[PDB]
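**Q** Please read through the structure below; I'll follow up with questions.
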Amino acid sequence: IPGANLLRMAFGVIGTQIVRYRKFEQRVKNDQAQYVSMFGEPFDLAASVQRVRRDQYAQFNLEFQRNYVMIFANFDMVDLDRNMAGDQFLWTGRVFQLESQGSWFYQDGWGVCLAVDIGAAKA
Amino acid sequence: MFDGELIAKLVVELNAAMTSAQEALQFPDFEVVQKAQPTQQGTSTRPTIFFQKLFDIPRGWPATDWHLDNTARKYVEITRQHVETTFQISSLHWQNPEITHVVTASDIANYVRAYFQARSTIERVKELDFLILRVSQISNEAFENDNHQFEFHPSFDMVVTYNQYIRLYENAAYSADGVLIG
């Protein structure tokens with residue numbers, strides 16, 4: 001049934017991880033016609049993190065392996081619109097590109113590994 | 001004169017041009033952004049103008065000047081190169097068929113191009129230490145768009161000429177001696 005949350009009851013068996021999630025609010029300019037975005041109030045979310053397992057390529061002598069992650073969560077999260085995206089970090093900042101069945105009961109995620117986290121208790 | 005101040009002056013001028021064009025043609029609202037977003041972004045559903053740099057031409061042999069520092073007994077060699085750079089200007093606007101008042105993205109592109117070619121604009125720009133050459137073509141291109149609705153993406157190229165300076169050091173001589181033989 002597309003009623004009660006299936007991922008809700010599934011999380012009672014498999015076991016999950018904990019990530020810090022922050023949502024996008026609005027953006028401004030930096031007198032260079034470049035958008036700079038700002039988020040608000042990161043919080044703790046319970047989610048299941050999977051693998052798709054990158055293989056690299058080349059442009060010329062440059063390898064550039066792009067890091068990917070698949071995340072299942074019961075959150076109505078948005079990856080892209082005329083606004084910005086969302087952020088997370090299991091150990092380093094990430095950004096995702098997809099949607100899922102949000103308006104019923106749960107969604108599915110993605111992620112590309114940004115460089116690092118700031119530190120000081122992993123801000 | 002390097003890139004950052006070039007971009008700052010260019011965005012200021014584009015903002016002024018769009019403020020003029022809004023009065024001229026009555027758009028709802030406008031926005032000026034770059035096509036070099038370092039961060040993931042999502043575009044805007046407003047009459048927008050875009051710019052980007054393509055390449056660069058040195059245009060001439062370097063010219064060197066010598067300035068002497070008396071205290072340290074050194075020549076400071078200044079080298080100047082007259083650089084020409086190319087910018088691509090493009091715009092977006094979606095046509096609502098129901099509204100009777102019609103304005104095209106091609107109209108915005110044409111007005112922005114015409115603004116930069118006026119004598120008054122060039123006179124204002126000259127005191128900002130660069131100049132503009134002639135623009136020769138504007139083209140309309142049609143694409144499918146994310147809503148599966150056709151629309152146009154007009155664009156044209158502009159040329160900006162300026163000067164670049166670097167400085168280096170060189171030894172200095174203060175006397176001459178010679179020998180004569182026969």
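Ordered as shown in the structure tokens, chains take letters A, B, and onward, while each chain numbers its residues from 1 and ligands are numbered from 1 in the order shown.
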Within 10 Å of residue 8 (chain A), counting only C-alpha atoms, which residues show up once you throw out same-chain ones fewer than 2 positions away? Write them as a PyMOL selection string, please.

**A** chain A and resi 4-6+10-13+73-74+105-106

**Q** Please dump the current selection as a PDB file, in the first residue's frame; keep C-alpha atoms.

**A**
ATOM      1  CA  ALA A   4       1.973   3.698   5.747  1.00  0.00           C
ATOM      2  CA  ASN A   5       5.680   4.322   5.275  1.00  0.00           C
ATOM      3  CA  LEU A   6       7.437   1.144   4.137  1.00  0.00           C
ATOM      4  CA  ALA A  10      12.091  -1.536   7.051  1.00  0.00           C
ATOM      5  CA  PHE A  11      14.479   0.578   9.143  1.00  0.00           C
ATOM      6  CA  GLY A  12      13.371  -1.457  12.159  1.00  0.00           C
ATOM      7  CA  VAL A  13      15.178  -4.531  10.836  1.00  0.00           C
ATOM      8  CA  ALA A  73      15.921   8.314   3.694  1.00  0.00           C
ATOM      9  CA  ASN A  74      12.353   9.125   4.711  1.00  0.00           C
ATOM     10  CA  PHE A 105       6.047   8.320   2.332  1.00  0.00           C
ATOM     11  CA  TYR A 106       9.808   8.228   1.549  1.00  0.00           C
TER      12      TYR A 106
END

**Q** Give me the residues of chain A that have any atom at most 12 Å from an atom of chain B; for each, the nearest atom pair and the distance in Å, rounded to one decimal. Use only C-alpha atoms, sort by chain and number, and format it as JSON lines.

**A**
{"residue": "A:24", "atom": "CA", "partner": "B:41", "partner_atom": "CA", "distance": 11.4}
{"residue": "A:26", "atom": "CA", "partner": "B:41", "partner_atom": "CA", "distance": 11.3}
{"residue": "A:27", "atom": "CA", "partner": "B:41", "partner_atom": "CA", "distance": 9.7}
{"residue": "A:28", "atom": "CA", "partner": "B:33", "partner_atom": "CA", "distance": 10.8}
{"residue": "A:29", "atom": "CA", "partner": "B:33", "partner_atom": "CA", "distance": 8.6}
{"residue": "A:30", "atom": "CA", "partner": "B:8", "partner_atom": "CA", "distance": 9.8}
{"residue": "A:31", "atom": "CA", "partner": "B:8", "partner_atom": "CA", "distance": 6.3}
{"residue": "A:32", "atom": "CA", "partner": "B:8", "partner_atom": "CA", "distance": 5.9}
{"residue": "A:33", "atom": "CA", "partner": "B:33", "partner_atom": "CA", "distance": 4.4}
{"residue": "A:34", "atom": "CA", "partner": "B:37", "partner_atom": "CA", "distance": 5.9}
{"residue": "A:35", "atom": "CA", "partner": "B:37", "partner_atom": "CA", "distance": 7.0}
{"residue": "A:36", "atom": "CA", "partner": "B:39", "partner_atom": "CA", "distance": 7.8}
{"residue": "A:37", "atom": "CA", "partner": "B:39", "partner_atom": "CA", "distance": 8.7}
{"residue": "A:38", "atom": "CA", "partner": "B:39", "partner_atom": "CA", "distance": 11.8}
{"residue": "A:78", "atom": "CA", "partner": "B:42", "partner_atom": "CA", "distance": 11.9}
{"residue": "A:79", "atom": "CA", "partner": "B:42", "partner_atom": "CA", "distance": 9.9}
{"residue": "A:80", "atom": "CA", "partner": "B:42", "partner_atom": "CA", "distance": 6.4}
{"residue": "A:81", "atom": "CA", "partner": "B:42", "partner_atom": "CA", "distance": 5.5}
{"residue": "A:82", "atom": "CA", "partner": "B:42", "partner_atom": "CA", "distance": 4.6}
{"residue": "A:83", "atom": "CA", "partner": "B:42", "partner_atom": "CA", "distance": 5.5}
{"residue": "A:84", "atom": "CA", "partner": "B:41", "partner_atom": "CA", "distance": 5.5}
{"residue": "A:85", "atom": "CA", "partner": "B:41", "partner_atom": "CA", "distance": 7.6}
{"residue": "A:86", "atom": "CA", "partner": "B:40", "partner_atom": "CA", "distance": 10.5}
{"residue": "A:87", "atom": "CA", "partner": "B:40", "partner_atom": "CA", "distance": 11.5}
{"residue": "A:94", "atom": "CA", "partner": "B:40", "partner_atom": "CA", "distance": 11.7}
{"residue": "A:95", "atom": "CA", "partner": "B:40", "partner_atom": "CA", "distance": 9.0}
{"residue": "A:96", "atom": "CA", "partner": "B:40", "partner_atom": "CA", "distance": 10.4}
{"residue": "A:97", "atom": "CA", "partner": "B:40", "partner_atom": "CA", "distance": 10.5}
{"residue": "A:112", "atom": "CA", "partner": "B:40", "partner_atom": "CA", "distance": 11.5}
{"residue": "A:114", "atom": "CA", "partner": "B:39", "partner_atom": "CA", "distance": 10.9}

**Q** Using DSSP secondary structure from the backbone, list all strand (DSSP E) positions within chain B, as a ChimeraX atom specification.

**A** /B:31-34,48-57,63-69,74-92,131-132,142-143,151-152,155-170

**Q** Would you give me, as number ranges by chain, the residues in region 3-131 of chain B that DSSP reads as alpha helix (DSSP H)?

**A** B: 3-25, 105-116, 119-126

**Q** May I have the residues within 10 Å of residue 101 (chain A) as a ChimeraX atom specification, using only C-alpha atoms and disregarding those fewer than 5 positions away in the same chain?

**A** /A:2,74-76,106-108

**Q** What does the file look like for those residues with C-alpha atoms, as a CSV table (one decimal), in the first residue's frame?

**A**
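What ended up in result04.csv:
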chain,number,residue,atom,x,y,z
A,2,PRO,CA,1.2,3.5,-0.8
A,74,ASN,CA,12.4,9.1,4.7
A,75,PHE,CA,12.7,12.8,3.9
A,76,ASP,CA,11.1,15.0,1.2
A,106,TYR,CA,9.8,8.2,1.5
A,107,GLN,CA,12.6,9.1,-0.9
A,108,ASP,CA,15.9,8.0,-2.3

**Q** For region 86-103 of chain B, please output as a ChimeraX atom specification all residues within 8 Å (counting only C-alpha atoms; exclusion window: fewer than 4 positions along the same chain).

**A** /B:25,27,46-56,107-109,151-160

**Q** Mind dumping the selected residues with N, CA, C and O atoms as an mmCIF file, in the first residue's frame?

**A**
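Now in out09.cif:
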data_model
loop_
_atom_site.group_PDB
_atom_site.id
_atom_site.type_symbol
_atom_site.label_atom_id
_atom_site.label_comp_id
_atom_site.auth_asym_id
_atom_site.auth_seq_id
_atom_site.Cartn_x
_atom_site.Cartn_y
_atom_site.Cartn_z
ATOM 1 N N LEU B 25 11.633 48.980 -22.730
ATOM 2 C CA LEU B 25 10.802 47.912 -23.276
ATOM 3 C C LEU B 25 9.843 47.290 -22.267
ATOM 4 O O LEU B 25 9.038 46.435 -22.654
ATOM 5 N N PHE B 27 10.123 45.190 -19.340
ATOM 6 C CA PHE B 27 10.157 43.825 -18.840
ATOM 7 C C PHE B 27 9.606 43.787 -17.417
ATOM 8 O O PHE B 27 9.536 44.816 -16.742
ATOM 9 N N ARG B 46 13.429 34.294 -14.923
ATOM 10 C CA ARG B 46 13.287 35.730 -15.100
ATOM 11 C C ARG B 46 14.105 36.137 -16.310
ATOM 12 O O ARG B 46 15.054 35.435 -16.674
ATOM 13 N N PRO B 47 13.749 37.237 -16.972
ATOM 14 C CA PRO B 47 14.586 37.743 -18.064
ATOM 15 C C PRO B 47 16.027 37.911 -17.611
ATOM 16 O O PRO B 47 16.337 38.742 -16.754
ATOM 17 N N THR B 48 16.912 37.109 -18.191
ATOM 18 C CA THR B 48 18.276 36.978 -17.708
ATOM 19 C C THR B 48 19.251 37.258 -18.842
ATOM 20 O O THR B 48 18.969 36.997 -20.012
ATOM 21 N N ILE B 49 20.408 37.804 -18.476
ATOM 22 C CA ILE B 49 21.504 38.042 -19.405
ATOM 23 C C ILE B 49 22.723 37.282 -18.899
ATOM 24 O O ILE B 49 22.947 37.184 -17.688
ATOM 25 N N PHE B 50 23.487 36.713 -19.826
ATOM 26 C CA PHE B 50 24.621 35.864 -19.498
ATOM 27 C C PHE B 50 25.867 36.393 -20.190
ATOM 28 O O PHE B 50 25.785 37.008 -21.256
ATOM 29 N N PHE B 51 27.027 36.148 -19.583
ATOM 30 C CA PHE B 51 28.296 36.502 -20.198
ATOM 31 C C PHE B 51 29.363 35.481 -19.825
ATOM 32 O O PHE B 51 29.245 34.757 -18.835
ATOM 33 N N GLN B 52 30.413 35.439 -20.644
ATOM 34 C CA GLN B 52 31.511 34.498 -20.480
ATOM 35 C C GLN B 52 32.653 34.928 -21.391
ATOM 36 O O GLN B 52 32.424 35.542 -22.436
ATOM 37 N N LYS B 53 33.882 34.602 -20.993
ATOM 38 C CA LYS B 53 35.069 34.921 -21.787
ATOM 39 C C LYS B 53 35.468 33.688 -22.591
ATOM 40 O O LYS B 53 35.492 32.573 -22.068
ATOM 41 N N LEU B 54 35.787 33.893 -23.869
ATOM 42 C CA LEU B 54 36.186 32.776 -24.719
ATOM 43 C C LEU B 54 37.702 32.633 -24.779
ATOM 44 O O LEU B 54 38.250 31.587 -24.415
ATOM 45 N N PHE B 55 38.399 33.670 -25.236
ATOM 46 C CA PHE B 55 39.833 33.561 -25.469
ATOM 47 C C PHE B 55 40.464 34.945 -25.417
ATOM 48 O O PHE B 55 39.850 35.916 -24.970
ATOM 49 N N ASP B 56 41.711 35.020 -25.883
ATOM 50 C CA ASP B 56 42.527 36.217 -25.740
ATOM 51 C C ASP B 56 43.547 36.296 -26.867
ATOM 52 O O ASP B 56 44.026 35.269 -27.354
ATOM 53 N N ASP B 107 14.780 40.846 -28.848
ATOM 54 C CA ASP B 107 14.704 42.283 -28.599
ATOM 55 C C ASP B 107 15.655 42.702 -27.487
ATOM 56 O O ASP B 107 16.342 43.724 -27.601
ATOM 57 N N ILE B 108 15.709 41.927 -26.402
ATOM 58 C CA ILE B 108 16.608 42.262 -25.302
ATOM 59 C C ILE B 108 18.058 42.183 -25.756
ATOM 60 O O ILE B 108 18.871 43.061 -25.441
ATOM 61 N N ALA B 109 18.406 41.131 -26.500
ATOM 62 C CA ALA B 109 19.774 41.007 -26.994
ATOM 63 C C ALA B 109 20.135 42.164 -27.918
ATOM 64 O O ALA B 109 21.227 42.734 -27.812
ATOM 65 N N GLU B 151 12.082 27.286 -27.170
ATOM 66 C CA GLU B 151 12.389 28.688 -26.928
ATOM 67 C C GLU B 151 13.744 29.004 -27.540
ATOM 68 O O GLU B 151 14.473 28.113 -27.978
ATOM 69 N N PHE B 152 14.076 30.292 -27.562
ATOM 70 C CA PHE B 152 15.259 30.778 -28.251
ATOM 71 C C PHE B 152 16.338 31.195 -27.261
ATOM 72 O O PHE B 152 16.052 31.590 -26.129
ATOM 73 N N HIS B 153 17.592 31.098 -27.703
ATOM 74 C CA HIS B 153 18.757 31.494 -26.912
ATOM 75 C C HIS B 153 19.671 32.350 -27.777
ATOM 76 O O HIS B 153 20.718 31.884 -28.246
ATOM 77 N N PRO B 154 19.305 33.609 -28.014
ATOM 78 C CA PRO B 154 20.150 34.474 -28.845
ATOM 79 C C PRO B 154 21.468 34.792 -28.160
ATOM 80 O O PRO B 154 21.565 34.797 -26.932
ATOM 81 N N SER B 155 22.492 35.062 -28.970
ATOM 82 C CA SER B 155 23.812 35.365 -28.439
ATOM 83 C C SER B 155 24.609 36.168 -29.456
ATOM 84 O O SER B 155 24.294 36.173 -30.649
ATOM 85 N N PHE B 156 25.648 36.844 -28.968
ATOM 86 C CA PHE B 156 26.570 37.582 -29.820
ATOM 87 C C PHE B 156 27.882 37.772 -29.073
ATOM 88 O O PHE B 156 27.961 37.569 -27.859
ATOM 89 N N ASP B 157 28.915 38.168 -29.813
ATOM 90 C CA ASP B 157 30.267 38.289 -29.282
ATOM 91 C C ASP B 157 30.664 39.756 -29.199
ATOM 92 O O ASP B 157 30.325 40.547 -30.085
ATOM 93 N N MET B 158 31.383 40.109 -28.138
ATOM 94 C CA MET B 158 31.898 41.454 -27.933
ATOM 95 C C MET B 158 33.401 41.395 -27.695
ATOM 96 O O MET B 158 33.928 40.389 -27.213
ATOM 97 N N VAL B 159 34.089 42.481 -28.035
ATOM 98 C CA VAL B 159 35.542 42.559 -27.928
ATOM 99 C C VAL B 159 35.904 43.747 -27.050
ATOM 100 O O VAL B 159 35.393 44.854 -27.251
ATOM 101 N N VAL B 160 36.784 43.515 -26.080
ATOM 102 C CA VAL B 160 37.225 44.531 -25.133
ATOM 103 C C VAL B 160 38.745 44.595 -25.173
ATOM 104 O O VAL B 160 39.415 43.564 -25.051
#

**Q** Could you jot down the CA of residue 16 (chain A) to CA of residue 55 (chain A) separation for me, Å, one decimal place?

**A**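 One can read the CA of residue 16 (chain A) to CA of residue 55 (chain A) distance as 25.8 Å.
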
**Q** When you draw a straight line from CA of residue 113 (chain B) to CA of residue 145 (chain B), how long is it in Å?

**A** 24.6 Å

**Q** Write out as a PyMOL selection string the residues lying within 9 Å of residue 21 (chain B), counting only C-alpha atoms and excluding same-chain residues fewer than 3 positions away.

**A** chain B and resi 16-18+24-27+108+111-112+115

**Q** Nearest to residue 67 (chain B): which of B:29, B:169, B:140, B:181 is it, counting only C-alpha atoms?

**A**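 Answer, going by the shortest atom-to-atom distance: B:169.
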